[PDB]
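Heads up, the thing below is written out as structure tokens.
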Amino acid sequence: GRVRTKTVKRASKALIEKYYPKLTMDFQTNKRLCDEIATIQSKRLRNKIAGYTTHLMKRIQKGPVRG
Amino acid sequence: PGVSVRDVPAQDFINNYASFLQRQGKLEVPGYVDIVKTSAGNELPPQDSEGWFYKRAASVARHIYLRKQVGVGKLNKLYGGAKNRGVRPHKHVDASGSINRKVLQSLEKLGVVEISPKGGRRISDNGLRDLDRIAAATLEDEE
Amino acid sequence: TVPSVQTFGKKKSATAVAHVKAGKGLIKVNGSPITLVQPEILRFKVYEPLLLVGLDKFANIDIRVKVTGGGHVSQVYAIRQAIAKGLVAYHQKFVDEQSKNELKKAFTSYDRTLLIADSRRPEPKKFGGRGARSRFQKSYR
Amino acid sequence: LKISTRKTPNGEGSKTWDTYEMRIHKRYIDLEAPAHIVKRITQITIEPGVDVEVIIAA
Amino acid sequence: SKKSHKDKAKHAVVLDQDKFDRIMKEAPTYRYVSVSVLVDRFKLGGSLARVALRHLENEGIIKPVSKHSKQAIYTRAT
Amino acid sequence: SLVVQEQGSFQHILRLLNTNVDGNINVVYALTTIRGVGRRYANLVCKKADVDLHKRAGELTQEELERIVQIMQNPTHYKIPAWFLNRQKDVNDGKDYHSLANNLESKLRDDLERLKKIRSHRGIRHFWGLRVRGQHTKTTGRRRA
Amino acid sequence: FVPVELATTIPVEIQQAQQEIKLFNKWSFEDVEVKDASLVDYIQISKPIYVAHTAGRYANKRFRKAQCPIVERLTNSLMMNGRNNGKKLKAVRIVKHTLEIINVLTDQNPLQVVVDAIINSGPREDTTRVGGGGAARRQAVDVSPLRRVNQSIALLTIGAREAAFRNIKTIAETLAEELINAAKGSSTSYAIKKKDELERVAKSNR
Amino acid sequence: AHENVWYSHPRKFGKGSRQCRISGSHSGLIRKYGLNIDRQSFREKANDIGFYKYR
Amino acid sequence: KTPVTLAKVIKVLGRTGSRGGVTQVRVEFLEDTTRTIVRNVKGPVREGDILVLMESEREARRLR
RNA sequence: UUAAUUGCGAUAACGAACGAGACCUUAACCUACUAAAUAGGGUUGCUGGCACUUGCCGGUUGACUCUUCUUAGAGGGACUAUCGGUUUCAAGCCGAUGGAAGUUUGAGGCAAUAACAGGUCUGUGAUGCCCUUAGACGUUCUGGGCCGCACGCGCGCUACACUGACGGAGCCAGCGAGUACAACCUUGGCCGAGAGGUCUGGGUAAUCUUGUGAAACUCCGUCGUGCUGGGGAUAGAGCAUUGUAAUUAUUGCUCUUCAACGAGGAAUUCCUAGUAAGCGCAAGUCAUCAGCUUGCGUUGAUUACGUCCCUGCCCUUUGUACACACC
Ligand SMILES: [Mg+2]
Ligand SMILES: [Mg+2]
Ligand SMILES: [Mg+2]
Ligand SMILES: [Mg+2]
Ligand SMILES: [Mg+2]
Ligand SMILES: [Mg+2]
Ligand SMILES: [Mg+2]
Ligand SMILES: [Mg+2]
Ligand SMILES: [Mg+2]
Ligand SMILES: [Mg+2]
Ligand SMILES: [Mg+2]
Ligand SMILES: [Mg+2]
Ligand SMILES: [Mg+2]
Ligand SMILES: [Mg+2]
Ligand SMILES: [Mg+2]
Ligand SMILES: [Mg+2]
Ligand SMILES: [Mg+2]
Ligand SMILES: [Mg+2]
Ligand SMILES: [Mg+2]
Ligand SMILES: [Mg+2]
């Protein structure tokens with residue numbers, strides 16, 4: 001039952017919309033990017049945010065997506 | 001080559017050392033044997049009515065050899081299991097103290113156990129030599 | 001100095017620390033040779049790495065294991081893991097890569113726990129239940 | 001440092017308990033050090049909450 | 001309590017000579033031997049089942065397969 | 001290891017201290033079937049009489065029976081301790097005895113009727129047939145049978 | 001066979017040819033095959049084991065119970081009552097004694113006897129409660145091969161238990177008797193009797 | 001109230017030998033580590049004492 | 001006679017029954033693999049099992 | 001679709017808030033860092049024994065050195081990561097692989113709006129009102145009771161035995177706790193058969209009890225289907241401990257009588273993995289007393305991995321003569 005509630009999805013959406021040139025396909029690089037360019041309080045939320053950011057990046061690479 | 005008691009299976013070592021101590025006339029048994037439960041937890045005396053004290057002495061001597069040094073009350077904790085407390089849950093009941101004290105003094109007389117400075121009793125050089133000797137006896141007895 | 005390493009293997013609350021050295025094929029647990037592991041019916045469990053690998057693989061290797069904590073069979077599984085991991089770590093450190101991977105293939109194809117510590121451990125108890133997940137009886141009337 | 005306590009002040013209600021606890025950390029330190037500087041160190045840098053104790057052991 | 005079992009003594013508490021020839025004659029031809037197998041034939045009480053079973057390890061009348069306590073596993077000598 | 005056991009001598013029934021006892025049980029557990037004698041006391045008595053522990057009661061000889069009987073009527077003569085005895089300190093005459101088959105039940109009955117006559121709360125509780133040792137009776141002993 | 005010299009002297013029979021794993025160093029897992037084709041892949045003879053005792057996580061996913069060694073599943077089903085529930089070393093000893101006993105009687109390598117008894121004693125058609133309260137009906141249905149294995153183990157151990165209860169024979173001996181009788185179709189076996197009687201009920205309630 | 005008889009009963013031990021230190025009550029006392037506070041007042045003042053709900 | 005036949009499931013059609021404990025599958029015979037039935041099973045199944053049937057003309061009916 | 005008003009979305013709805021999630025504690029994994037005579041290890045001393053080959057098993061608060069395990073700080077680590085299926089191809093689901101870990105990673109702690117005439121004046125020097133306030137419903141002292149017993153019911157404990165009881169022998173934990181203005185945890189040495197007694201010595205605690213050498217368990221024997229060596233209730237006598245005080249047996253110990261009990265009807269309870277269950281230990285009650293509870297660990301499974309059939313819960317639609325709401 002992993003659904004990635006509001007916060008992670010909205011944060012990843014804003015991350016992509018403001019930092020697409022810097023984001024990559026790899027989870028670890030985007031994790032370091034999330035650490036540096038955004039102040040996520042905890043680290044589990046940081047990891048969820050980076051994971052969904054990578055997923056959205058992969059979807060974008062496949063093609064153009066809504067939202 | 002060389003052999004220690006750690007190199008021989010336990011139960012065989014206690015059995016053979018008890019047999020050897022029973023064969024020789026040393027290690028006097030207290031006159032109160034045959035009458036004692038050996039523990040409050042137990043409800044009958046040992047099935048082997050005569051000679052069980054020799055087995056207890058053998059086990060005690062092996063235990064002192066293996067460990068650092070052991071007193072009497074610690075042996076009380078070691079022996080003795082669960083008492084059938086009638087219709088109440090079983091607990092742990094320490095074994096009889098007089099029996100283990102007599103074992104320790106008898107082993108002192110045979111010279112196999114020495115009083116340790118840190119309290120309790122440790123093994124002595126002569127008794128430890130006897131212990132490894134009987135361990136070898138058992139080991140080459142096996143094959 | 002003598003080529004020597006130290007590894008460990010754990011069970012629920014058991015812990016076996018094994019020192020491996022370049023010896024003469026000498027395997028002792030708690031100062032006693034491996035053939036006298038107490039439960040005597042899980043004895044084959046502790047020979048398992050020996051027979052899976054083959055004794056000739058470590059004939060000039062000596063083994064010293066101190067196992068503490070946990071009950072009997074937990075200790076036995078701890079010694080199993082300690083011996084296996086010690087063999088693998090020694091082969092990695094001083095022997096060769098291929099030998100180590102061959103040992104890992106022989107091991108992990110049989111009782112994966114032999115190199116990987118078990119993750120299952122007891123569940124904390126809770127009030128209103130005499131067990132960790134059980135519950136008291138209900139009256140209802 | 002743990003205490004279990006029944007929540008209900010009057011025994012009525014489903015059996016519910018709770019566990020309160022602190023943790024005490026000790027972190028002792030010993031020095032093979034000269035006299036006056038050590039005592040000055042002990043008499044300075046004190047934070048409420050943490051309790052400092054000094055044993056000469058000489 | 002309810003003695004509906006209606007069991008008899010049904011066990012030779014003491015061995016008798018003819019029963020000794022019986023134990024010896026089918027000491028072989030009992031291709032598997034154990035304490036329960038011995039008492040199954042009504043000829044042993046059960047405590048002397050162990051006695052007779054242990055005595056048969058005298059001239060190799062039967063061979064042991066495993067001598068664990070709480071039971072025994074014996075086969076005919078071949 | 002085994003013996004034919006001399007067909008024609010192994011007893012099957014015995015009368016020790018005017019109670020019938022089947023002899024085929026092990027000696028100690030056969031002796032246990034007499035009132036006032038339990039497994040511990042019978043075991044010690046058989047030990048003192050030097051008769052084999054693992055022997056059957058129906059095969060031991062006659063003077064063995066008499067020596068056993070003599071041992072278990074004046075125990076203090078045969079180094080049976082002051083303790084381990086059935087009735088010690090004997091509050092009629094202060095001499096630690098050991099009650100036996102008929103003597104045990106009889107003397108228990110005299111002690112019971114003494115407690116009845118003494119008008120002790122324990123005695124009147126015994127006379128009524130209720131619990132004596134001070135346990136709750138709201139929920140226990142709720143039928144006589 | 002090439003006894004390896006070491007400072008610790010492992011017994012020769014434990015060193016002989018040990019690329020030949022046996023169950024209790026007595027029975028070969030090779031030569032043992034499943035006669036029935038339906039119950040293959042639900043009886044684990046493929047993987048050799050030196051003991052019928054493994055701390056395997058055989059209850060995490062749905063179907064890993066099949067991958068557990070079949071002798072191990074028999075052991076785990078022996079340790080079934082309140083008085084003896086956690087005791088498994090006792091179950092391992094009982095199974096070892098039963099295997100030796102079965103080796104004695106009709107040698108027929110006892111693992112094959114175990115497998116054949118499990119094959120025979122598992123029902124192939126069963127009933128389910130379908131009646132809508134007012135009318136009580138049992139509707140005949142088919143059983144999964146995994147449930148066939150589970151049920152066969154269940155009745156085998158249950159019959160051994162009820163035979164051993166307040167009886168002279170040891171649990172190992174009664175289990176060996178049940179396994180031997182279920183190796184054939186001998187109706188004297190309790191497990192095979194329950195199998196036949198349940199199947200004929202299911203036939204009576206098509 | 002003869003001093004020989006008034007409050008003469010010993011109170012070295014038992015239920016009533018010690019009180020609540022909060023309420024003076026003798027029921028539901030916590031003697032662990034010498035807290036000597038009854039359970040309810042302990043639940044009230046645990047956070048001030050240093051005790052917290054943690055798991 | 002002993003007309004015991006085998007049938008390998010090719011698909012599982014959900015779980016049926018008032019109890020919720022029985023399932024329904026589509027089995028295809030080991031012989032004549034173009035001949036299939038729908039059959040009720042009582043226990044855990046998945047794509048690959050081989051059921052044993054004492055019938056061949058029976059077809060599964062949803063249990064209510 | 002999700003465990004989720006969890007999301008993908010469609011849209012007279014747009015933006016938001018609480019709840020859920022997030023969050024903390026705990027359990028993992030750390031041969032990566034910092035370190036350690038209140039934790040361990042190696043080498044070497046000084047020794048003991050056996051082997052005789054240089055080796056094995058030991059002892060020492062003698063030295064040097066190290067942190068793998070034991071600790072605890074800062075950190076790392078998993079985010080369903082990669083891949084394959086399936087999905088208005090979106091949310092997501094399923095499988096395999098790599099992993100320590102892939103059920104929200106397991107277990108919890110807090111936990112919304114509204115409400116109950118739910119419980120507590122008997123926890124409070126929280127308390128309104130009413131009552132009493134001198135031979136008192138205040139306070140204290142003595143003794144009794146809260147434990148009675150023709151009877152019903154609710155948590156449990158011990159059992160009905162062979163997978164066992166009883167003897168010996170093996171010998172394995174993790175949570176704790178522990179004395180000062182008082183007298184706690186007790187080692188060790190002597191006594192006693194035991195409970196216990198006495199003499200000394202540690203420990204205000206990773207130092208001492210303590211490696212809590214616990215039970216179940218394991219090995220070898222006795223028993224042998226007999227209400228029997230199962231079961232240990234009910235009693236008789238005696239020996240001790242705490243206590244100002246033990247009778248209405250406080251509790252422990254020794255000998256004996258050994259009862260009901262043959263796996264328990266209708267009915268009904270708890271529980272899907274280190275789970276149930278078996279087994280005990282610690283702590284809270286404690287001057288003495290648990291068959292209790294809260295925690296902890298040992299051995300450790302069968303069967304699911306689904307459904308709305310019984311009992312209920314959530315959302316939607318519908319009907320209602322119900323709103324103290326189908327009691
Ligand atoms: Mg013992
Ligand atoms: Mg019992
Ligand atoms: Mg439990
Ligand atoms: Mg480390
Ligand atoms: Mg995909
Ligand atoms: Mg959670
Ligand atoms: Mg009300
Ligand atoms: Mg008032
Ligand atoms: Mg009351
Ligand atoms: Mg309750
Ligand atoms: Mg035992
Ligand atoms: Mg410990
Ligand atoms: Mg113990
Ligand atoms: Mg009896
Ligand atoms: Mg008994
Ligand atoms: Mg039990
Ligand atoms: Mg209570
Ligand atoms: Mg479910
Ligand atoms: Mg109205
Ligand atoms: Mg109506």
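Order determines the names: the first chain of the structure tokens is A, the second B, and so forth; residues in each chain are numbered 1 upward, and ligands are numbered 1 upward as they are shown.
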
Sorted by chain and rising residue number, list the residues of chain J at most 10 Å from ligand 7 (counting only C-alpha atoms (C1' of nucleotides) and all ligand atoms), each with its closest atom pair and distance in Å to one decimal, as a Markdown table.
```
| residue | atom | partner | partner_atom_place_in_ligand_line | distance |
| --- | --- | --- | --- | --- |
| J:116 | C1' | ligand 7 | 1 (Mg) | 9.2 |
| J:117 | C1' | ligand 7 | 1 (Mg) | 6.1 |
| J:118 | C1' | ligand 7 | 1 (Mg) | 6.6 |
| J:119 | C1' | ligand 7 | 1 (Mg) | 8.0 |
```

For this session: Could the residues that lie within 10 Å of ligand 10, counting only C-alpha atoms (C1' of nucleotides) and all ligand atoms, be listed as a list in words?
Result: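 These are the residues that qualify: residues 128, 136, 137, 138 and 139 of chain C; 14 and 15 of chain D; 154, 155 and 156 of chain J.
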
Exercise. What gap, in Å, lies between atom CA of residue G:19 and atom CA of residue G:179?
Worked result: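 Interatomic distance, atom CA of residue G:19 to atom CA of residue G:179: 29.2 Å.
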
Problem set entry | Neighbourhood of ligand 13 at 12 Å, counting only C-alpha atoms (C1' of nucleotides) and all ligand atoms, reported as a list in words |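 I would give the residues around ligand 13 as residues 41, 74, 75, 76, 77, 78, 79, 80, 81, 82, 83, 91, 92, 93, 94 and 95 of chain B; 170, 171, 172, 173, 212, 213, 214, 215, 216, 217, 280 and 281 of chain J.
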
For this session: Name the residues of chain E that fall into strand (DSSP E or B) according to DSSP on the backbone, using the chain letters and numbers of this document, as a ChimeraX atom specification.
Result: /E:32-33,62-66,73-76

For this session: Do me a favour and pick out the residues of chain J within 8 Å of chain I, using only C-alpha atoms (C1' of nucleotides), as a PyMOL selection string.
Result: chain J and resi 306-309

Okay, now the selection with C-alpha atoms (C1' of nucleotides), as a PDB file, in the first residue's frame?
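Saved as again04.pdb:
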```
ATOM      1  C1'   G J 306      -9.512 -15.529   0.728  1.00  0.00           C
ATOM      2  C1'   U J 307     -14.785 -14.145   1.458  1.00  0.00           C
ATOM      3  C1'   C J 308     -19.165 -11.301   2.837  1.00  0.00           C
ATOM      4  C1'   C J 309     -22.035 -16.861   4.883  1.00  0.00           C
TER       5        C J 309
END
```

Problem set entry | At most 10 Å to chain D: residues in chain C, only C-alpha atoms, as a ChimeraX atom specification | /C:126-129

Exercise. Mind listing the residues within 10 Å of ligand 14, only C-alpha atoms (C1' of nucleotides) and all ligand atoms counted, as a PyMOL selection string?
Worked result: (chain F and resi 32-33) or (chain J and resi 227-232+258)

Serialized selection, C-alpha atoms (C1' of nucleotides), as a PDB file, in the first residue's frame:
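What landed in part.pdb:
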```
ATOM      1  CA  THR F  32       3.779 -48.328  49.027  1.00  0.00           C
ATOM      2  CA  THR F  33       0.351 -50.011  48.946  1.00  0.00           C
TER       3      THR F  33
ATOM      4  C1'   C J 227      -6.262 -44.250  37.807  1.00  0.00           C
ATOM      5  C1'   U J 228      -0.018 -46.932  37.734  1.00  0.00           C
ATOM      6  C1'   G J 229       6.113 -44.452  39.755  1.00  0.00           C
ATOM      7  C1'   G J 230       0.181 -39.944  36.230  1.00  0.00           C
ATOM      8  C1'   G J 231      -2.627 -36.504  38.890  1.00  0.00           C
ATOM      9  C1'   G J 232      -1.356 -33.819  44.136  1.00  0.00           C
ATOM     10  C1'   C J 258      -3.096 -39.959  48.615  1.00  0.00           C
TER      11        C J 258
END
```

Problem set entry | Shell of 12 Å around ligand 20 (only C-alpha atoms (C1' of nucleotides) and all ligand atoms), written as a list in words |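 If we count only C-alpha atoms (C1' of nucleotides) and all ligand atoms, the neighbours of ligand 20 turn out to be residues 322, 326 and 327 of chain J.
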
For this session: as a ChimeraX atom specification, please: all residues of chain D that backbone DSSP puts in helix (DSSP H, G or I).
Result: /D:36-42

Restricting it to C-alpha atoms, dump the selection as a compact mmCIF listing (two decimals), in the first residue's frame.
```
# COMPACT_ATOMS: atom_id res chain seq x y z
CA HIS D 36 45.37 22.56 38.27
CA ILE D 37 44.31 22.54 34.61
CA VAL D 38 42.13 19.49 35.26
CA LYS D 39 40.31 21.08 38.19
CA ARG D 40 39.84 24.27 36.19
CA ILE D 41 38.32 22.18 33.39
CA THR D 42 35.90 20.51 35.81
```

Residue F:15: which residues within 12 Å, counting only C-alpha atoms (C1' of nucleotides), same-chain residues fewer than 4 positions away excluded, as a compact mmCIF listing (two decimals) with C-alpha atoms, in the first residue's frame?
```txt
# COMPACT_ATOMS: atom_id res chain seq x y z
CA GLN F 11 5.02 -65.50 45.33
CA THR F 19 -2.81 -56.00 54.53
CA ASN F 20 -2.82 -57.99 51.30
CA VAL F 21 -0.21 -56.79 48.80
CA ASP F 22 0.37 -58.09 45.29
CA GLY F 23 3.98 -59.17 44.98
CA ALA F 30 4.56 -52.84 46.34
CA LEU F 31 5.30 -51.71 49.89
CA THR F 33 0.35 -50.01 48.95
CA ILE F 34 0.26 -50.14 52.80
CA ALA F 57 8.30 -58.14 45.87
CA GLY F 58 6.94 -61.56 44.96
CA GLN F 62 10.78 -64.79 53.84
CA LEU F 65 10.17 -59.80 54.62
CA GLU F 66 10.67 -60.14 58.37
CA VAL F 69 8.99 -55.45 58.70
```

Exercise. Which polymer residues have any atom within 6 Å of an atom of stretch 14-20 of chain C, counting only C-alpha atoms (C1' of nucleotides), with same-chain residues fewer than 4 positions away left out, as a list in words?
Worked result: residues 4, 5, 6, 7, 8, 9, 10, 62, 63, 64, 65, 66, 67, 68, 69, 70, 74, 75, 78, 79 and 82 of chain C

Mind writing the picked residues with N, CA and C atoms as a short mmCIF file (atom, residue, chain, number, x, y, z; two decimals), in the first residue's frame?
```cif
data_model
loop_
_atom_site.label_atom_id
_atom_site.label_comp_id
_atom_site.auth_asym_id
_atom_site.auth_seq_id
_atom_site.Cartn_x
_atom_site.Cartn_y
_atom_site.Cartn_z
N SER C 4 45.46 -14.13 9.39
CA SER C 4 44.40 -14.46 10.34
C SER C 4 43.30 -13.43 10.22
N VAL C 5 42.04 -13.86 10.29
CA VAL C 5 40.92 -12.92 10.33
C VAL C 5 39.90 -13.38 11.36
N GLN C 6 38.99 -12.47 11.69
CA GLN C 6 37.95 -12.71 12.69
C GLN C 6 36.60 -12.35 12.09
N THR C 7 35.65 -13.27 12.16
CA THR C 7 34.29 -13.04 11.68
C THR C 7 33.31 -13.48 12.75
N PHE C 8 32.02 -13.35 12.45
CA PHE C 8 30.99 -13.65 13.43
C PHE C 8 29.72 -14.09 12.72
N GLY C 9 28.88 -14.79 13.47
CA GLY C 9 27.59 -15.24 12.98
C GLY C 9 26.54 -15.20 14.06
N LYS C 10 25.34 -14.73 13.74
CA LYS C 10 24.32 -14.48 14.74
C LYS C 10 23.04 -15.26 14.45
N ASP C 62 43.05 -23.42 10.61
CA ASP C 62 42.53 -23.73 11.93
C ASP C 62 41.43 -22.75 12.32
N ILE C 63 40.49 -23.26 13.11
CA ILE C 63 39.22 -22.60 13.41
C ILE C 63 39.10 -22.54 14.92
N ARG C 64 38.82 -21.35 15.47
CA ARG C 64 38.51 -21.25 16.89
C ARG C 64 37.26 -20.40 17.08
N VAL C 65 36.22 -21.00 17.65
CA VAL C 65 34.91 -20.38 17.75
C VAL C 65 34.53 -20.26 19.22
N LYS C 66 34.15 -19.05 19.63
CA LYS C 66 33.55 -18.81 20.94
C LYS C 66 32.10 -18.40 20.69
N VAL C 67 31.16 -19.18 21.19
CA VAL C 67 29.74 -18.93 20.96
C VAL C 67 29.08 -18.62 22.30
N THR C 68 28.35 -17.50 22.35
CA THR C 68 27.70 -17.05 23.56
C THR C 68 26.28 -16.60 23.24
N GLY C 69 25.45 -16.56 24.27
CA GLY C 69 24.10 -16.05 24.14
C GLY C 69 23.16 -16.98 23.41
N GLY C 70 21.85 -16.77 23.58
CA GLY C 70 20.87 -17.59 22.90
C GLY C 70 20.81 -19.01 23.42
N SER C 74 20.00 -22.03 18.67
CA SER C 74 20.44 -20.73 18.21
C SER C 74 21.96 -20.64 18.21
N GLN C 75 22.60 -21.15 19.26
CA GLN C 75 24.05 -21.19 19.28
C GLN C 75 24.58 -22.03 18.12
N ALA C 78 24.47 -20.17 15.03
CA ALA C 78 25.50 -19.14 15.10
C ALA C 78 26.86 -19.69 14.72
N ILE C 79 27.21 -20.88 15.21
CA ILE C 79 28.49 -21.49 14.83
C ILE C 79 28.52 -21.79 13.34
N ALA C 82 29.18 -18.57 11.63
CA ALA C 82 30.52 -18.09 11.93
C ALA C 82 31.56 -18.83 11.10
#
```

Problem set entry | Check: which chain H residues lie within 9 Å of chain J using only C-alpha atoms (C1' of nucleotides), as JSON, numbers by chain | {"H": [1, 5, 6, 7, 8, 9, 10, 12, 13, 14, 22, 23, 24, 25, 27, 28, 30, 31, 32, 38, 39, 40, 41, 53, 54, 55]}
